[PDB]
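I have placed the structure first, in the form of structure tokens, so that the comments after it can refer back to it.
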There are 2 protein chains.
Amino acid sequence: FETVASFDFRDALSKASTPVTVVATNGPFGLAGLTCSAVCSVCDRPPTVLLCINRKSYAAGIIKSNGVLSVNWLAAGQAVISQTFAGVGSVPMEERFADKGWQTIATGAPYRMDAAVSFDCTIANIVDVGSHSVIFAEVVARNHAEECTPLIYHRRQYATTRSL
Amino acid sequence: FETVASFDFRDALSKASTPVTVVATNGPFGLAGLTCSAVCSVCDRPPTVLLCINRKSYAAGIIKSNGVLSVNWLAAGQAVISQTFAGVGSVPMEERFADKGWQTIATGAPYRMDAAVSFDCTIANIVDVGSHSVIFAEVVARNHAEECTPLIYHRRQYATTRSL
Ligand SMILES: Cc1cc2nc3c(=O)[nH]c(=O)nc-3n(C[C@H](O)[C@@H](O)[C@@H](O)COP(=O)(O)OP(=O)(O)OC[C@H]3O[C@@H](n4cnc5c(N)ncnc54)[C@H](O)[C@@H]3O)c2cc1C
Ligand SMILES: Cc1cc2nc3c(=O)[nH]c(=O)nc-3n(C[C@H](O)[C@H](O)[C@H](O)COP(=O)(O)OP(=O)(O)OC[C@@H]3O[C@H](n4cnc5c(N)ncnc54)[C@H](O)[C@@H]3O)c2cc1C
Ligand SMILES: NC(=O)c1ccc[n+]([C@@H]2O[C@H](COP(=O)([O-])OP(=O)(O)OC[C@H]3O[C@@H](n4cnc5c(N)ncnc54)[C@H](O)[C@@H]3O)[C@@H](O)[C@@H]2O)c1
Ligand SMILES: NC(=O)c1ccc[n+]([C@H]2O[C@H](COP(=O)([O-])OP(=O)(O)OC[C@H]3O[C@@H](n4cnc5c(N)ncnc54)[C@H](O)[C@@H]3O)[C@@H](O)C2O)c1
């Protein structure tokens with residue numbers, strides 16, 4: 001079989017819906033983070049998530065060298081955080097974390113305490129596939145947030161959820 | 001660092017949102033499918049997605065031996081399909097594909113033609129983590145899909161999107 005055109009793969013996926021997260025890290029290689037929707041739960045023992053991130057991202061090599069990361073699922077009111085971490089405004093990495101709502105829990109990675117969900121993690125496995133590194137991380141702590149109406153991304157813009 | 005309790009991990013994840021897909025297959029080993037939310041896009045060259053499925057399931061066994069599969073991102077009106085393929089109502093595996101919206105495209109896997117996105121795929125690699133196989137699949141065809149607001153899962157209920 002021949003694979004579909006890269007153009008067709010991306011266009012088709014624009015019609016899917018995803019949550020929006022920020023993946024962040026800190027440690028001796030410095031502070032970095034980026035907006036990521038290619039994230040999912042893998043297994044619950046040991047508890048493990050994965051995230052796929054373009055090796056061309058400035059955050060990629062810093063995350064992999066720090067060895068720890070957080071995954072922060074954003075709430076519907078947090079689209080400006082998603083924009084910041086996607087490179088809009090070109091905010092310097094460190095500056096992205098200036099707001100007091102970013103703290104640490106266990107690893108030293110920045111955790112967004114009012115995200116719908118925030119997992120603090122250590123990297124367990126990295127598999128490089130095409131342009132991206134698929135990073136498997138084990139979850140060592142989490143936040144305890146009240147508001148969790150989701151920020152969603154769909155056909156190239158933000159959305160949230162509705163009943164039905 | 002100690003990893004969080006399994007119960008605590010599933011708990012937090014209920015507060016995150018996901019898309020809802022059906023993963024299906026057919027071939028020399030038979031017809032099978034199940035509902036899968038742990039799916040994501042990996043890279044666009046070669047166009048590759050991944051999905052995480054428990055190795056204990058009837059469907060996992062057949063998918064892996066057929067070597068081909070489709071991933072079908074469901075639309076907002078299709079919660080009944082998601083329920084069927086999660087085992088709600090105990091519909092026998094092979095009776096699950098009655099509906100005519102299921103057609104063949106390239107590999108012989110059944111593709112849901114009215115799904116928001118339907119990818120027909122060949123398995124490229126499998127990474128085992130805990131109880132799950134993370135299956136990497138290369139996309140060799142797609143449904144050229146009519147417009148569709150997607151099915152989302154959040155807080156143990158189905159939902160769809162709206163605007164901010
Ligand atoms: C909804 C959504 C979902 C997304 N999902 C994903 C995904 O799952 N995976 C993925 O890989 N991408 C994803 N992206 C893309 C991603 O967020 C970013 O890589 C992309 O947005 C590009 O980032 P950037 O413009 O910050 O460029 P980058 O070049 O990666 O980073 C720029 C930043 O690095 C910093 N920096 C760069 N160079 C230097 C230097 N020489 N010295 C000091 N600091 C420097 C700076 O402080 C600057 O602001 C997603 C984007 C959106 C909007
Ligand atoms: C919205 C939604 C999203 C879903 N997403 C996924 C997904 O991304 N991936 C996926 O694999 N399933 C997913 N499921 C589950 C899937 O659809 C089926 O429901 C699967 O065949 C479960 O059927 P069953 O519960 O009757 O298990 P069974 O009929 O009993 O099959 C065997 C059982 O699974 C077992 N088992 C279940 N969970 C674990 C575990 N975490 N570790 C070890 N053993 C386990 C046991 O080993 C036991 O024998 C999802 C379901 C819904 C409703
Ligand atoms: N990615 C998955 O394997 C997944 C996702 C949702 C539900 N299921 C399944 O749920 C069952 C029972 O009900 P429930 O309480 O989990 O619905 P639930 O929505 O209440 O459980 C919460 C969350 O756990 C996450 N997850 C990651 N690995 C998981 C795992 N091994 N088991 C359960 N969740 C996992 C999911 O994203 C899910 O939404 C199953 O027998 C089953 O196979 C599995
Ligand atoms: N997985 C990723 O790397 C990923 C995911 C989303 C967006 N992006 C990127 O998205 C931008 C805008 O995204 P968009 O949805 O608005 O429009 P888009 O038409 O460029 O992409 C549409 C969808 O295709 C998928 N996708 C796009 N590029 C991919 C890649 N290189 N590898 C794997 N999947 C990919 C994603 O699911 C994305 O949402 C960028 O400038 C950018 O680098 C990358």
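For the structure tokens, the naming scheme is as follows: chains receive sequential letters (A, B, ...) according to their order of presentation, residues are indexed from 1 within each chain, and ligands are indexed from 1 in presentation order.
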
Report as a Markdown table the residues of chain A within 6 Å of ligand 4, each with its shortest atom pair and distance in Å (one decimal), using only C-alpha atoms and all ligand atoms, ordered by chain and increasing residue number.
```
| residue | atom | partner | partner_atom_place_in_ligand_line | distance |
| --- | --- | --- | --- | --- |
| A:10 | CA | ligand 4 | 24 (O) | 3.7 |
| A:11 | CA | ligand 4 | 19 (O) | 5.4 |
| A:13 | CA | ligand 4 | 24 (O) | 4.5 |
| A:14 | CA | ligand 4 | 22 (C) | 4.0 |
| A:37 | CA | ligand 4 | 5 (C) | 5.9 |
| A:38 | CA | ligand 4 | 1 (N) | 5.2 |
| A:53 | CA | ligand 4 | 3 (O) | 5.8 |
| A:54 | CA | ligand 4 | 3 (O) | 5.4 |
| A:156 | CA | ligand 4 | 16 (O) | 3.8 |
```

Give me the chain B side of the contact with ligand 1, cut-off 9 Å, one line per residue showing its nearest atom pair and distance in Å at one decimal, counting only C-alpha atoms and all ligand atoms, sorted by chain and residue number, as a tab-separated table.
```
residue	atom	partner	partner_atom_place_in_ligand_line	distance
B:40	CA	ligand 1	8 (O)	8.6
B:41	CA	ligand 1	8 (O)	7.9
B:42	CA	ligand 1	8 (O)	8.1
```

Report the closest atom pair, with its distance in Å rounded to one decimal, for each residue of chain A that has an atom no farther than 12 Å from ligand 2; count only C-alpha atoms and all ligand atoms, sort by chain and then rising residue number, and write it as a tab-separated table.
```
residue	atom	partner	partner_atom_place_in_ligand_line	distance
A:39	CA	ligand 2	8 (O)	11.8
A:40	CA	ligand 2	8 (O)	8.4
A:41	CA	ligand 2	8 (O)	7.7
A:42	CA	ligand 2	8 (O)	8.0
A:43	CA	ligand 2	41 (N)	5.7
A:44	CA	ligand 2	41 (N)	5.5
A:45	CA	ligand 2	42 (N)	6.9
A:46	CA	ligand 2	41 (N)	9.7
A:47	CA	ligand 2	41 (N)	9.4
A:48	CA	ligand 2	41 (N)	10.9
A:49	CA	ligand 2	8 (O)	11.7
```

Output N, CA and C atoms for every residue in that selection, as a PDB file, in the first residue's frame.
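Contents of the output file selection15.pdb:
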```pdb
ATOM      1  N   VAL A  39      -1.434  13.812  22.705  1.00  0.00           N
ATOM      2  CA  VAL A  39      -1.172  13.354  24.059  1.00  0.00           C
ATOM      3  C   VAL A  39      -2.267  12.331  24.316  1.00  0.00           C
ATOM      4  N   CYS A  40      -1.927  11.226  24.984  1.00  0.00           N
ATOM      5  CA  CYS A  40      -2.956  10.302  25.469  1.00  0.00           C
ATOM      6  C   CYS A  40      -2.523   9.403  26.612  1.00  0.00           C
ATOM      7  N   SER A  41      -3.494   8.797  27.267  1.00  0.00           N
ATOM      8  CA  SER A  41      -3.242   7.928  28.362  1.00  0.00           C
ATOM      9  C   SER A  41      -2.819   6.571  27.784  1.00  0.00           C
ATOM     10  N   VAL A  42      -1.822   5.927  28.375  1.00  0.00           N
ATOM     11  CA  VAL A  42      -1.326   4.631  27.865  1.00  0.00           C
ATOM     12  C   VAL A  42      -1.796   3.462  28.737  1.00  0.00           C
ATOM     13  N   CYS A  43      -1.517   3.467  30.031  1.00  0.00           N
ATOM     14  CA  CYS A  43      -1.951   2.339  30.870  1.00  0.00           C
ATOM     15  C   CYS A  43      -1.995   2.871  32.265  1.00  0.00           C
ATOM     16  N   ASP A  44      -2.616   2.146  33.186  1.00  0.00           N
ATOM     17  CA  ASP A  44      -2.813   2.747  34.490  1.00  0.00           C
ATOM     18  C   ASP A  44      -1.913   2.081  35.511  1.00  0.00           C
ATOM     19  N   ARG A  45      -1.112   1.119  35.057  1.00  0.00           N
ATOM     20  CA  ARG A  45      -0.139   0.494  35.921  1.00  0.00           C
ATOM     21  C   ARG A  45       1.131  -0.002  35.232  1.00  0.00           C
ATOM     22  N   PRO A  46       2.268   0.727  35.363  1.00  0.00           N
ATOM     23  CA  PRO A  46       2.399   1.982  36.117  1.00  0.00           C
ATOM     24  C   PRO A  46       1.623   3.046  35.385  1.00  0.00           C
ATOM     25  N   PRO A  47       1.143   4.064  36.087  1.00  0.00           N
ATOM     26  CA  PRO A  47       0.375   5.055  35.327  1.00  0.00           C
ATOM     27  C   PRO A  47       1.234   5.878  34.361  1.00  0.00           C
ATOM     28  N   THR A  48       0.838   5.956  33.083  1.00  0.00           N
ATOM     29  CA  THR A  48       1.738   6.345  32.004  1.00  0.00           C
ATOM     30  C   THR A  48       0.911   7.100  30.982  1.00  0.00           C
ATOM     31  N   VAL A  49       1.462   8.211  30.529  1.00  0.00           N
ATOM     32  CA  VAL A  49       0.881   8.940  29.388  1.00  0.00           C
ATOM     33  C   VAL A  49       1.955   9.021  28.312  1.00  0.00           C
TER      34      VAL A  49
END
```

Review point. Within 7 Å of chain B, which residues of chain A show up when using only C-alpha atoms, listed as a VMD selection string?
Key: chain A and resid 1 to 4 6 9 12 15 to 19 38 to 47 52 73 116 to 117 130 to 132 138 to 141 148 150 159 to 164

Exercise for review: Among the residues of stretch 22-125 of chain B, find those DSSP assigns to strand (DSSP E or B) from the backbone and print them as a ChimeraX atom specification.
Suggested key: /B:22-25,32-36,39-44,47-54,68-73,75,102-104,110-112,117-125

Emit the selected residues as a compact mmCIF listing (two decimals), in the first residue's frame, including C-alpha atoms.
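Result file follows (result_33.txt):
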```
# COMPACT_ATOMS: atom_id res chain seq x y z
CA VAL B 22 -13.85 3.07 16.72
CA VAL B 23 -10.89 1.00 15.72
CA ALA B 24 -11.86 -1.82 13.32
CA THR B 25 -10.19 -4.56 11.26
CA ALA B 32 -13.51 -7.08 15.01
CA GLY B 33 -13.56 -3.53 16.44
CA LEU B 34 -13.70 -1.63 19.74
CA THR B 35 -14.11 1.93 20.99
CA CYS B 36 -10.78 3.67 21.59
CA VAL B 39 -5.45 7.71 19.86
CA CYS B 40 -3.24 10.41 18.48
CA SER B 41 -1.46 11.75 15.46
CA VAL B 42 2.32 11.04 15.44
CA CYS B 43 3.96 12.49 12.28
CA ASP B 44 2.91 13.44 8.74
CA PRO B 47 1.67 9.73 7.90
CA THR B 48 1.42 7.72 11.09
CA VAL B 49 -1.03 7.67 13.96
CA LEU B 50 -0.91 5.58 17.16
CA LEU B 51 -3.59 3.98 19.35
CA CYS B 52 -3.32 2.30 22.74
CA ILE B 53 -5.40 -0.86 23.32
CA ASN B 54 -5.53 -3.42 26.06
CA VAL B 68 -4.45 -3.72 9.03
CA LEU B 69 -7.04 -1.51 10.75
CA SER B 70 -9.15 1.59 10.41
CA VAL B 71 -9.44 4.40 12.88
CA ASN B 72 -12.82 6.12 12.76
CA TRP B 73 -13.30 9.39 14.66
CA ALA B 75 -19.37 12.38 14.89
CA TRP B 102 -19.26 0.43 7.03
CA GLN B 103 -17.32 -0.06 3.81
CA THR B 104 -14.05 -1.34 2.57
CA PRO B 110 -14.11 -1.76 7.54
CA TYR B 111 -14.10 2.11 7.40
CA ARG B 112 -17.05 4.07 8.84
CA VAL B 117 -12.53 11.10 9.92
CA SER B 118 -11.77 7.63 8.74
CA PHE B 119 -8.22 6.42 8.19
CA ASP B 120 -7.43 3.04 6.62
CA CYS B 121 -4.01 1.79 7.91
CA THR B 122 -1.32 -0.85 8.03
CA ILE B 123 0.45 -1.63 11.29
CA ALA B 124 4.05 -0.41 11.28
CA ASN B 125 5.27 -1.02 14.87
```

Practice item. Could you jot down the atom CA of residue B:57 to atom CA of residue B:137 separation for me, Å, one decimal place? Key: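 We find that atom CA of residue B:57 and atom CA of residue B:137 lie 18.4 Å from each other.
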
Exercise for review: DSSP on the backbone, then: every residue of stretch 45-131 of chain B marked alpha helix (DSSP H), written as JSON, numbers by chain.
Suggested key: {"B": [58, 59, 60, 61, 62, 63, 64, 65, 66, 79, 80, 81, 82, 83, 84, 85]}

Exercise for review: Using atom CA of residue A:27 and atom CA of residue A:108 as the two end points, give the distance in Å to one decimal.
Suggested key: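 Computing the Euclidean distance for atom CA of residue A:27 and atom CA of residue A:108 yields 6.7 Å.
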